[PDB]
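S.K.: Quick one: the structure is below, questions incoming.
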Amino acid sequence: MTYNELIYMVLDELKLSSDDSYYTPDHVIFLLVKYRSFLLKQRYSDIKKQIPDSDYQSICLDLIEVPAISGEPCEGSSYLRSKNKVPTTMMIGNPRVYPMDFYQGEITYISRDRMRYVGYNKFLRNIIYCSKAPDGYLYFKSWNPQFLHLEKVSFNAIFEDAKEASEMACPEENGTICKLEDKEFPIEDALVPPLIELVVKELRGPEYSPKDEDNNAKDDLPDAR
Amino acid sequence: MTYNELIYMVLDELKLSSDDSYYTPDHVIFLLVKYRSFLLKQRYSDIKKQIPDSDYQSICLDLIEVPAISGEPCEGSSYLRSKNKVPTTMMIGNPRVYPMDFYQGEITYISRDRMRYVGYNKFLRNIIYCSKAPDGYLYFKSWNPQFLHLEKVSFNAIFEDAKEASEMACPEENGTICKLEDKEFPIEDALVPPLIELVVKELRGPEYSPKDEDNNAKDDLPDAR
Amino acid sequence: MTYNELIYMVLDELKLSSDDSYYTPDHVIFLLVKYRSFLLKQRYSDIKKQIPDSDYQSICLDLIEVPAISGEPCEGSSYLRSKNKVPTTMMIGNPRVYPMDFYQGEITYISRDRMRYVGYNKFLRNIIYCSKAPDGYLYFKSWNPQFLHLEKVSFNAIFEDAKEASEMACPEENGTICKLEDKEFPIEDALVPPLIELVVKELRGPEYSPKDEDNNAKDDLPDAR
Amino acid sequence: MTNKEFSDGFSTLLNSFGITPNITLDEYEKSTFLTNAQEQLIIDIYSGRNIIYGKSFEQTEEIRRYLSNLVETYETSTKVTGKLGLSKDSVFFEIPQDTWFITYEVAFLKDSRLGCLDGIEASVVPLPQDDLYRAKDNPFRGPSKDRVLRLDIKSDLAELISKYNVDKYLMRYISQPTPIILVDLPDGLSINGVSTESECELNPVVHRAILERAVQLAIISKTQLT
Amino acid sequence: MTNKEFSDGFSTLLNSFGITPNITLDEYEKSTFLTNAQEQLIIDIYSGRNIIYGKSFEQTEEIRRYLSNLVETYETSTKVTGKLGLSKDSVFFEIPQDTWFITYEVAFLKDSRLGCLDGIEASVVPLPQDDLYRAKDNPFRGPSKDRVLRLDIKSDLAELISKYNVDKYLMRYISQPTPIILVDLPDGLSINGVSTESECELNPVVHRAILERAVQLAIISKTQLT
Amino acid sequence: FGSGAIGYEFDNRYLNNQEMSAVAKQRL
Amino acid sequence: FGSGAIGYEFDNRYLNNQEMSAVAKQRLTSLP
Amino acid sequence: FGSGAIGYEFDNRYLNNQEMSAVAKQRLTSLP
Amino acid sequence: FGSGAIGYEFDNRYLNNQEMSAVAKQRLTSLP
Amino acid sequence: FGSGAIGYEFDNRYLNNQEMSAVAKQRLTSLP
């Protein structure tokens, strides 16, 4: 299913058909994307369960060498990092950066705190480690100077905001999909009715609520105007 | 998501669209920032859980050498401290001061009470310790005279008030974001629906309540005016 | 947050905007300051928890030598005491008197009853002990005649009444803040919504209650006047 | 509005000497109806029994602005000696005799028994005669250092029952308004004992309401038997 | 609408000198009814007792636009000396004497006791005389650095009860509107003390409502006995 | 009217208390 | 009308009491 | 009408009684 | 109408009975 | 109508029965 199908299921269950509606499809996209993460956390944070392939998304990154702090000689070894800021992953699935082949390569996505200290083990000096810095970028670290030649990677994870990760998908075979509405929404079909009814309950009450509808330099809501 | 998206989600669910509304967006910012800390404490103070990267913020500090009390010779060794007052961190995440490189440096953020007594261990004489004094400033302490050359640090933590810490973020690559509304709100997507419904419940009742709306040198509320 | 923000949050949720309102901001300050201590006791008296830095305040004291009873020779050794009466601390945090440097000095705040008997231990003859006498003043005691030279101290604790302790803060770098409304309210953000809703529930019922509103040498309340 | 303006407006509102059937009043009749309307209106306003306003003596800015000019303050220290009261500690004070309704009333006490609180301003509480016996002994509603009971008695008097000596008696009341007399009345005639011209002392805001009420009273007076 | 336009429109709405039975008024009668309608309408609008609008002094943009031109600001520092008040710390200030209703009222304080807060603007609270005694000692509703109690007294006065010295007294009130006089009235005649032409100072939006109300008042005046 | 500050935290506290009972019944 | 002083503290006390029961059922066992 | 004297103290007594039950279930065990 | 004589004493008796149960569950244990 | 003869004695009997249960749970233990 696509963003369009879910959006219009919500709009039609609310019957927000007219162009002169207070609640536009943008409200629906926002609520759907937030309730997706809400449900995914409620389902897959208590105890460890199998996560379906539907919850995952591959964002698609270009890496650039950057200094550790600045261009100084003693500021430490340099890192690669993604050109653009990366979405925050949720901590429930199998995050993975891979070199355009999911079935190949060993690039490890770890925590920020762990990545301060990695690679000291002599047998772990050739492993590339990844983590999202507080800057918002995905940083890479390794003790093997070869890692600085890496140009492109794909990052597959259950990203915390589906819209951000959908804007950064890799090109499909046909080509890029400009409209987010034509892209696929990242959630399992078993969790679609819960998500829809939560969003419809969210917007049902506000749908029929009054407005400050007179232009009289006055607040008209206490009068149910 | 930004402050703008959350603010207008709340305003639209309350339908506070007219400029002549009693409850402005400022009320919404205040309530959102307080309910964020409320929820973050309710979720992550009972027992220790993983905190997502979304709850964190990096404020960005300039340090200055200051005397311990005054300029006297016997008043003890001097400290560095941030030029401006620092927000209070919540005690739930991984507070960290770092030297413009999250993956490098060892500057320890500890409690005020502990920092009275640190560094006596001969192997811990070169560790820089941080704590927010009751003055409101972040103070630094070490037995290594080299620490007094430190000029700049970044402090990444789950700050207790998101607005204060958003005013003090480091510059982005593009540049500073003047409007708070254009900045990112520091909360995980799974906790956004709870926060929104708490704020909307907070302001739903008051939205429709009466006013002392006549100018007659009289209190008009007992009459539901 | 400041006293102003909390006061006006309460006033706006009650919609006490007109100058001709029965409940003024003074009622709000009183109720806020009392409900702060109420909540702080309910949270941090059952079992010992971490108290955030937000609950604390530094009041700022000038000490004077005073006789134990009067100027008699046999009336015992003299004490130092604060010039002005000191607020009562709550028994939940980390009370501390310090010599203008929180990270230095050893001045002990103890109970009144304990301080009757302190210093007899030969290794504890140089420790300055503090306690608030029933006179309302902070008294100092030590077996070391050097303590009578002490001129100034700062007292950081979770004071039981925020207004009293806010009137006696140390000067800031810019200078003193004359208006209490422009000062910072001493409570954690996680406890602000509970405090606000308790105060709003306190004043919601009375807001709409009738008045003895006729001037007729008669009690007009039984008639719901 | 001035007296000439009361009269001219009163005639205009009554359609005097117009072609249609109408009513014409003499200046004494005009003064009678204007004064009656004035007194009715202010009593109804004070008591809050006017349906149009529906507010009491100082319940809104409108009523304040209306009856502001009747509010007079009074002070007295002289006590009437030989009178029979309902307690040994009862003192009698004369009323200004132009009083209509007492709105504020407070008493200063001078007694050595209340040490260092001497000259305490004490609230004078009007008490009914049912409540008096059970209020002499009452420690929460009876006479005290901060409370005095006042009872109305014959000859325009206030019997103040106090535990401590009463030195001064302060009042703020509504006064007899000056009548609205539009012309120097002949010998013998007068309104409220006044024979010469008397302008309304209230504000001009309420003068037009007084005019309307007076016109209605005139129409009632001429058309109560037809 | 101008005075000529009030008169011509008033005649047109009354069908003066038309073939059907009708009513004809002199310019003095027209001015009387126009001024009465003006004052009735604005008092009803201020108090919100008009059923058609049903809104108070500034409750909507319509009422703002209607009564915007009566809103006058006043400032005074002179205090009336010899008067009897209900407290030692009572100062008396004269009212501009063209005031109808006081809508904003604030007081600046100059006292050394309130250190570094000198010149504090303090809210003047109109207090009834019931509430005064129990509000002198009240720490939340009584006089303070940020609150002053105002009581209306005789002779167009404001008794300000304050804990600290009152230096300046600021007001914003509704003023006596200028009457609507369509012609230079002869000697003796006047409306609100004005004999010459006086145009309505309100906005033209409400002039037509004033005309309608005046026409209705004229029909009432001519047809209250038939 | 409504406000969920005290209600939410009391419900959360109740759930935390049965949480602790459940884990305190756990034995290896 | 309403006021949550006595209500809040009684609810807090109830929660503290089941808190103490829950922790009093906690045991670090030793029989391996 | 209302008055919370007897109501408050009975609620306080109830909470004290479950307080005592909770603490009476507390044991510092010893079998290592 | 109302009167709290019998009601108060029955409530007090109930609270006394759960009081006795709570204290009767109290033990100063001895096995160290 | 009302009368509390049978009601009072049944309530008293109920309270006596939980009284006996509470005291029957009381033990002066002996194992030190």
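Each chain of the structure tokens is named A, B, ... in the order shown, its residues numbered from 1; ligands are numbered from 1 in display order.
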Please determine the contact residues of chain G with respect to chain F at a cut-off of 10 Å, counting only C-alpha atoms, and supply them as a list in words.

M.R.: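 Selected residues: residues 4, 8, 11, 12, 14, 15, 16, 17, 18, 19, 20, 21, 22, 23, 24, 25, 26, 27, 28, 29 and 32 of chain G.
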
S.K.: Put those residues in a file: N, CA and C atoms, as an mmCIF file, in the first residue's frame.

M.R.:
data_model
loop_
_atom_site.group_PDB
_atom_site.id
_atom_site.type_symbol
_atom_site.label_atom_id
_atom_site.label_comp_id
_atom_site.auth_asym_id
_atom_site.auth_seq_id
_atom_site.Cartn_x
_atom_site.Cartn_y
_atom_site.Cartn_z
ATOM 1 N N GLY G 4 -7.963 19.257 45.016
ATOM 2 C CA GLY G 4 -7.277 17.984 44.984
ATOM 3 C C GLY G 4 -6.203 17.795 46.033
ATOM 4 N N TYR G 8 -5.375 14.073 46.158
ATOM 5 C CA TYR G 8 -4.072 13.730 45.597
ATOM 6 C C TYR G 8 -3.217 12.976 46.599
ATOM 7 N N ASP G 11 -4.441 9.398 47.163
ATOM 8 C CA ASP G 11 -4.067 8.544 46.034
ATOM 9 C C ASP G 11 -2.575 8.231 46.051
ATOM 10 N N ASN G 12 -1.748 9.238 46.329
ATOM 11 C CA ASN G 12 -0.308 9.032 46.412
ATOM 12 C C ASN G 12 0.039 8.042 47.511
ATOM 13 N N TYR G 14 -1.937 5.621 48.703
ATOM 14 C CA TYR G 14 -2.344 4.296 48.234
ATOM 15 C C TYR G 14 -1.287 3.697 47.316
ATOM 16 N N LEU G 15 -0.802 4.503 46.374
ATOM 17 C CA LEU G 15 0.212 4.026 45.444
ATOM 18 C C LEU G 15 1.512 3.705 46.168
ATOM 19 N N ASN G 16 1.861 4.493 47.189
ATOM 20 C CA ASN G 16 3.030 4.188 48.010
ATOM 21 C C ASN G 16 2.854 2.878 48.765
ATOM 22 N N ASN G 17 1.631 2.564 49.163
ATOM 23 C CA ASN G 17 1.431 1.356 49.947
ATOM 24 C C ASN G 17 1.541 0.115 49.068
ATOM 25 N N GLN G 18 0.965 0.155 47.863
ATOM 26 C CA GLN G 18 1.180 -0.982 46.967
ATOM 27 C C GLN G 18 2.618 -1.003 46.445
ATOM 28 N N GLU G 19 3.266 0.163 46.363
ATOM 29 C CA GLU G 19 4.704 0.232 46.111
ATOM 30 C C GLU G 19 5.476 -0.589 47.139
ATOM 31 N N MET G 20 5.209 -0.352 48.429
ATOM 32 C CA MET G 20 5.919 -1.086 49.471
ATOM 33 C C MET G 20 5.596 -2.571 49.431
ATOM 34 N N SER G 21 4.350 -2.940 49.140
ATOM 35 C CA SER G 21 4.058 -4.369 49.031
ATOM 36 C C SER G 21 4.866 -5.005 47.900
ATOM 37 N N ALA G 22 4.901 -4.346 46.739
ATOM 38 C CA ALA G 22 5.623 -4.889 45.596
ATOM 39 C C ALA G 22 7.101 -5.064 45.909
ATOM 40 N N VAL G 23 7.724 -4.055 46.528
ATOM 41 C CA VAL G 23 9.153 -4.177 46.823
ATOM 42 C C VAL G 23 9.388 -5.195 47.934
ATOM 43 N N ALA G 24 8.452 -5.317 48.880
ATOM 44 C CA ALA G 24 8.602 -6.292 49.951
ATOM 45 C C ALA G 24 8.444 -7.724 49.468
ATOM 46 N N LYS G 25 7.897 -7.935 48.271
ATOM 47 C CA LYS G 25 7.907 -9.261 47.666
ATOM 48 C C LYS G 25 9.188 -9.562 46.892
ATOM 49 N N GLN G 26 10.130 -8.620 46.819
ATOM 50 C CA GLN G 26 11.363 -8.797 46.060
ATOM 51 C C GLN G 26 12.406 -9.523 46.900
ATOM 52 N N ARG G 27 13.065 -10.513 46.298
ATOM 53 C CA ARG G 27 14.045 -11.340 46.989
ATOM 54 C C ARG G 27 15.213 -11.610 46.055
ATOM 55 N N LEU G 28 16.435 -11.421 46.554
ATOM 56 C CA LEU G 28 17.637 -11.913 45.880
ATOM 57 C C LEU G 28 17.905 -13.312 46.425
ATOM 58 N N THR G 29 17.423 -14.328 45.711
ATOM 59 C CA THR G 29 17.457 -15.696 46.210
ATOM 60 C C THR G 29 18.845 -16.300 46.061
ATOM 61 N N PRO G 32 21.840 -22.300 44.626
ATOM 62 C CA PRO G 32 22.314 -22.924 43.390
ATOM 63 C C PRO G 32 23.189 -24.149 43.630
#

S.K.: Taking the chain letters and numbering used in this document, name the residues of segment 4-212 of chain A that DSSP puts in strand (DSSP E or B), as a ChimeraX atom specification.

M.R.: /A:57-66,79-82,89,96-98,107-109,128-132,138-141,152-157,159,169,184

S.K.: So that I have them on file, write out the residues from the current selection with N, CA, C and O atoms, as a compact mmCIF listing (two decimals), in the first residue's frame.

M.R.:
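Produced file part_20.txt, reproduced below:
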# COMPACT_ATOMS: atom_id res chain seq x y z
N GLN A 57 12.71 0.41 5.78
CA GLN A 57 12.95 1.29 4.64
C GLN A 57 14.44 1.42 4.42
O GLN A 57 15.21 1.49 5.37
N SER A 58 14.82 1.50 3.15
CA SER A 58 16.20 1.74 2.75
C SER A 58 16.34 3.18 2.30
O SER A 58 15.80 3.56 1.25
N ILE A 59 17.06 3.97 3.08
CA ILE A 59 17.49 5.30 2.67
C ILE A 59 18.87 5.13 2.07
O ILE A 59 19.54 4.11 2.28
N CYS A 60 19.32 6.12 1.32
CA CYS A 60 20.36 5.88 0.35
C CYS A 60 21.32 7.07 0.39
O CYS A 60 20.93 8.20 0.07
N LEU A 61 22.56 6.83 0.82
CA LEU A 61 23.44 7.86 1.34
C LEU A 61 24.69 8.02 0.48
O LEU A 61 25.22 7.05 -0.06
N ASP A 62 25.17 9.27 0.39
CA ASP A 62 26.46 9.61 -0.21
C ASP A 62 27.38 10.08 0.90
O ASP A 62 27.02 10.98 1.67
N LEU A 63 28.57 9.49 0.98
CA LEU A 63 29.50 9.76 2.06
C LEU A 63 30.61 10.70 1.60
O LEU A 63 31.03 10.69 0.44
N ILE A 64 31.08 11.53 2.53
CA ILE A 64 32.14 12.49 2.29
C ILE A 64 33.10 12.45 3.47
O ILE A 64 32.67 12.30 4.61
N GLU A 65 34.39 12.57 3.19
CA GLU A 65 35.37 12.68 4.25
C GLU A 65 35.28 14.05 4.91
O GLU A 65 35.20 15.07 4.22
N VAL A 66 35.30 14.07 6.23
CA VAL A 66 35.22 15.30 7.02
C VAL A 66 36.28 15.24 8.11
O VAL A 66 36.65 14.14 8.54
N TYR A 79 36.81 11.27 9.66
CA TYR A 79 35.66 10.40 9.47
C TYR A 79 35.07 10.61 8.09
O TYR A 79 35.28 11.64 7.46
N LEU A 80 34.34 9.60 7.62
CA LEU A 80 33.35 9.81 6.58
C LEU A 80 32.02 10.14 7.23
O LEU A 80 31.75 9.73 8.36
N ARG A 81 31.18 10.88 6.52
CA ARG A 81 29.82 11.10 6.98
C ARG A 81 28.92 11.32 5.78
O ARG A 81 29.36 11.78 4.73
N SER A 82 27.64 11.02 5.97
CA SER A 82 26.65 11.26 4.94
C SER A 82 26.54 12.75 4.65
O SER A 82 26.66 13.59 5.54
N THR A 89 16.78 6.15 13.74
CA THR A 89 16.21 4.81 13.75
C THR A 89 15.54 4.54 15.08
O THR A 89 15.95 5.04 16.12
N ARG A 96 20.82 -1.69 9.61
CA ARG A 96 21.95 -2.16 8.81
C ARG A 96 22.29 -1.19 7.70
O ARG A 96 21.45 -0.86 6.87
N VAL A 97 23.56 -0.77 7.68
CA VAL A 97 24.17 -0.10 6.54
C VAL A 97 24.86 -1.16 5.71
O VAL A 97 25.56 -2.03 6.25
N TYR A 98 24.64 -1.14 4.40
CA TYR A 98 25.24 -2.11 3.49
C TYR A 98 25.71 -1.45 2.20
O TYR A 98 25.18 -0.40 1.81
N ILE A 107 29.39 -3.60 7.50
CA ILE A 107 29.42 -2.26 8.07
C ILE A 107 28.46 -2.27 9.24
O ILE A 107 27.28 -2.60 9.07
N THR A 108 28.96 -1.92 10.42
CA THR A 108 28.22 -2.10 11.66
C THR A 108 27.59 -0.79 12.10
O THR A 108 28.29 0.23 12.21
N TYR A 109 26.29 -0.81 12.35
CA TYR A 109 25.58 0.32 12.93
C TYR A 109 25.50 0.09 14.43
O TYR A 109 24.92 -0.90 14.89
N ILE A 128 34.05 -1.40 9.72
CA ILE A 128 33.56 -0.04 9.62
C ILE A 128 32.36 0.11 10.55
O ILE A 128 31.41 -0.68 10.49
N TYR A 129 32.39 1.12 11.40
CA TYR A 129 31.34 1.36 12.38
C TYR A 129 30.58 2.61 12.02
O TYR A 129 31.15 3.59 11.53
N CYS A 130 29.27 2.58 12.27
CA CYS A 130 28.38 3.66 11.91
C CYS A 130 27.62 4.09 13.15
O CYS A 130 27.33 3.29 14.04
N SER A 131 27.29 5.38 13.21
CA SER A 131 26.39 5.88 14.22
C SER A 131 25.97 7.28 13.82
O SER A 131 26.72 7.99 13.16
N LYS A 132 24.76 7.65 14.22
CA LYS A 132 24.23 8.98 13.96
C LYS A 132 24.69 9.90 15.08
O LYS A 132 24.26 9.75 16.22
N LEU A 138 25.11 10.73 9.74
CA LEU A 138 25.62 9.38 9.97
C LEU A 138 27.13 9.42 9.80
O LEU A 138 27.62 9.68 8.70
N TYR A 139 27.86 9.16 10.88
CA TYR A 139 29.32 9.17 10.87
C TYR A 139 29.86 7.75 10.76
O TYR A 139 29.28 6.81 11.32
N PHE A 140 31.00 7.61 10.08
CA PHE A 140 31.67 6.33 9.91
C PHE A 140 33.06 6.41 10.54
O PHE A 140 33.70 7.46 10.52
N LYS A 141 33.51 5.29 11.10
CA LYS A 141 34.77 5.24 11.82
C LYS A 141 35.41 3.88 11.59
O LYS A 141 34.71 2.86 11.59
N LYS A 152 29.43 5.36 -1.32
CA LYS A 152 27.98 5.19 -1.27
C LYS A 152 27.63 4.02 -0.38
O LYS A 152 28.33 3.00 -0.38
N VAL A 153 26.54 4.16 0.36
CA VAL A 153 25.99 3.07 1.15
C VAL A 153 24.47 3.22 1.17
O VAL A 153 23.92 4.28 0.87
N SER A 154 23.81 2.13 1.51
CA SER A 154 22.37 2.11 1.75
C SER A 154 22.16 1.73 3.21
O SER A 154 22.87 0.89 3.75
N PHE A 155 21.18 2.38 3.85
CA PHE A 155 20.88 2.17 5.26
C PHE A 155 19.45 1.68 5.37
O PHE A 155 18.51 2.41 5.05
N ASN A 156 19.28 0.43 5.81
CA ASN A 156 17.99 -0.22 5.95
C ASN A 156 17.68 -0.39 7.43
O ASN A 156 18.42 -1.08 8.14
N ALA A 157 16.60 0.23 7.89
CA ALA A 157 16.23 0.19 9.30
C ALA A 157 14.78 0.61 9.41
O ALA A 157 14.18 1.08 8.44
N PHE A 159 13.02 3.29 10.44
CA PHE A 159 13.28 4.68 10.76
C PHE A 159 12.11 5.27 11.52
O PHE A 159 10.95 4.88 11.33
N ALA A 169 14.81 7.63 -0.23
CA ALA A 169 14.96 6.27 -0.73
C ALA A 169 15.94 6.24 -1.91
O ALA A 169 16.16 7.25 -2.58
N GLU A 184 5.52 3.88 -1.03
CA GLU A 184 4.94 2.86 -0.16
C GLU A 184 5.06 3.26 1.30
O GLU A 184 6.13 3.69 1.74

S.K.: With a distance threshold of 12 Å and counting only C-alpha atoms, extract the residues of chain D near chain B and express them as a list in words.

M.R.: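 Therefore, the residues near the partner are residues 55, 56, 58, 59, 60, 61, 62, 63, 64 and 65 of chain D.
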
S.K.: Show me, as number ranges by chain, the residues that have an atom within 9 Å of residue 40 of chain E when counting only C-alpha atoms, minus same-chain residues fewer than 5 positions from it.

M.R.: D: 208-209; E: 35, 45

S.K.: Using only C-alpha atoms, which of the listed residues (D:13, D:70, D:37, D:148) sits closest to residue 177 of chain D?

M.R.: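 For residue 177 of chain D, the nearest of the candidates is D:70.
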
S.K.: If you count only C-alpha atoms, which residues fall within 12 Å of residue 87 of chain D, apart from same-chain ones fewer than 2 positions away, as a CSV table (one decimal) with N, CA and C atoms, in the first residue's frame?

M.R.:
chain,number,residue,atom,x,y,z
D,83,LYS,N,-30.5,57.5,77.8
D,83,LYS,CA,-31.4,56.6,77.0
D,83,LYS,C,-31.3,55.2,77.5
D,84,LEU,N,-32.3,54.4,77.3
D,84,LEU,CA,-32.5,53.1,77.8
D,84,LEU,C,-32.0,52.1,76.7
D,85,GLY,N,-31.0,51.3,77.0
D,85,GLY,CA,-30.5,50.4,76.0
D,85,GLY,C,-30.7,48.9,76.5
D,89,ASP,N,-23.2,48.2,78.4
D,89,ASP,CA,-22.2,48.8,77.6
D,89,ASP,C,-22.8,49.2,76.2
D,90,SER,N,-23.7,50.1,76.3
D,90,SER,CA,-24.4,50.6,75.1
D,90,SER,C,-24.3,52.2,75.1
D,91,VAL,N,-23.8,52.7,74.0
D,91,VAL,CA,-23.7,54.1,73.7
D,91,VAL,C,-24.5,54.5,72.5
D,92,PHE,N,-25.1,55.7,72.6
D,92,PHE,CA,-26.0,56.2,71.5
D,92,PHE,C,-25.4,57.4,70.8
D,132,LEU,N,-29.6,39.4,69.0
D,132,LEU,CA,-28.8,40.1,70.0
D,132,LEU,C,-28.5,39.3,71.2
D,133,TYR,N,-29.4,38.6,71.8
D,133,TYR,CA,-29.2,37.9,73.0
D,133,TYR,C,-28.1,36.8,72.8
D,135,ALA,N,-25.9,36.8,70.6
D,135,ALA,CA,-24.7,37.4,70.1
D,135,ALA,C,-23.9,38.2,71.1
D,136,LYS,N,-24.5,38.5,72.2
D,136,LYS,CA,-23.7,39.1,73.3
D,136,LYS,C,-22.6,38.2,73.8
D,143,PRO,N,-19.8,41.4,70.1
D,143,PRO,CA,-18.9,42.5,70.3
D,143,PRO,C,-17.5,42.0,70.7
D,149,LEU,N,-21.7,46.0,67.5
D,149,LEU,CA,-23.1,45.8,67.1
D,149,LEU,C,-23.9,47.1,67.2
D,150,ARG,N,-24.5,47.4,66.1
D,150,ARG,CA,-25.3,48.6,66.0
D,150,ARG,C,-26.8,48.3,65.8
D,151,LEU,N,-27.7,48.9,66.7
D,151,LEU,CA,-29.1,48.7,66.6
D,151,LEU,C,-29.8,50.0,66.4
D,159,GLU,N,-27.6,52.7,68.6
D,159,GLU,CA,-27.2,52.1,69.8
D,159,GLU,C,-26.0,51.2,69.5
D,160,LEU,N,-24.8,51.6,69.9
D,160,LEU,CA,-23.6,50.8,69.6
D,160,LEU,C,-23.3,49.9,70.9
D,161,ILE,N,-23.4,48.6,70.7
D,161,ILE,CA,-23.0,47.7,71.8
D,161,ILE,C,-21.6,47.2,71.6
D,162,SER,N,-20.7,47.6,72.5
D,162,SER,CA,-19.3,47.2,72.4
D,162,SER,C,-18.8,46.7,73.7
D,163,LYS,N,-17.8,45.8,73.6
D,163,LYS,CA,-17.1,45.4,74.8
D,163,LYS,C,-16.1,46.5,75.4

S.K.: Show me, as a ChimeraX atom specification, every residue of chain D with an atom at most 9 Å from chain E, counting only C-alpha atoms.

M.R.: /D:1-2,4-5,8-9,12-15,18,20-23,52-53,57-59,61-62,64-65,67-75,103-104,106,122-123,170-172,201,203-205,208-209,219,223

S.K.: What is the atom CA of residue 50 of chain C-atom CA of residue 33 of chain B distance in Å, reported with one decimal?

M.R.: 21.5 Å

S.K.: Got a sec to tell me which of segment 57-204 of chain B DSSP assigns to alpha helix (DSSP H), as a VMD selection string?

M.R.: chain B and resid 112 to 115 162 to 167 192 to 204

S.K.: Just the residues within 10 Å of segment 110-114 of chain D, please, counting only C-alpha atoms, with nothing from its chain fewer than 2 positions along; format it as a list in words.

M.R.: residues 107, 108, 116, 117, 118, 119, 120, 121, 145, 163, 164, 165, 166, 167 and 168 of chain D

S.K.: Could you give me, as a tab-separated table, every chain A residue with an atom at most 9 Å from chain B, plus its closest atom pair and distance in Å to one decimal, counting only C-alpha atoms, rows ordered by chain then number?

M.R.:
residue	atom	partner	partner_atom	distance
A:22	CA	B:12	CA	8.1
A:23	CA	B:12	CA	7.9
A:27	CA	B:9	CA	7.4
A:30	CA	B:5	CA	8.4
A:31	CA	B:193	CA	8.1
A:33	CA	B:189	CA	8.3
A:34	CA	B:189	CA	5.4
A:35	CA	B:193	CA	7.0
A:36	CA	B:190	CA	8.0
A:37	CA	B:190	CA	5.1
A:38	CA	B:190	CA	3.9
A:39	CA	B:190	CA	7.5
A:40	CA	B:190	CA	8.1
A:41	CA	B:190	CA	6.4
A:42	CA	B:190	CA	8.4
A:68	CA	B:101	CA	6.2
A:69	CA	B:101	CA	5.8
A:76	CA	B:104	CA	8.3
A:88	CA	B:53	CA	6.7
A:89	CA	B:52	CA	8.3
A:90	CA	B:52	CA	7.2
A:91	CA	B:52	CA	7.4
A:112	CA	B:103	CA	7.4
A:113	CA	B:103	CA	7.7
A:114	CA	B:103	CA	8.9
A:115	CA	B:103	CA	6.4
A:116	CA	B:103	CA	4.3
A:117	CA	B:103	CA	7.9
A:132	CA	B:53	CA	8.4
A:133	CA	B:102	CA	6.9
A:134	CA	B:58	CA	6.7
A:135	CA	B:58	CA	8.0
A:160	CA	B:189	CA	6.6
A:161	CA	B:189	CA	7.1
A:202	CA	B:197	CA	8.7
A:203	CA	B:13	CA	7.6
A:205	CA	B:13	CA	8.8
A:206	CA	B:13	CA	5.7
A:207	CA	B:13	CA	8.5
A:209	CA	B:15	CA	7.9
A:210	CA	B:15	CA	7.8
A:211	CA	B:15	CA	6.3
A:212	CA	B:18	CA	6.3
A:213	CA	B:18	CA	7.9
A:215	CA	B:18	CA	8.3
A:216	CA	B:20	CA	8.3
A:217	CA	B:20	CA	5.7
A:218	CA	B:20	CA	5.4
A:219	CA	B:21	CA	5.2
A:220	CA	B:21	CA	8.1
A:221	CA	B:208	CA	5.7
A:222	CA	B:208	CA	4.0
A:223	CA	B:208	CA	7.2
A:224	CA	B:208	CA	7.3
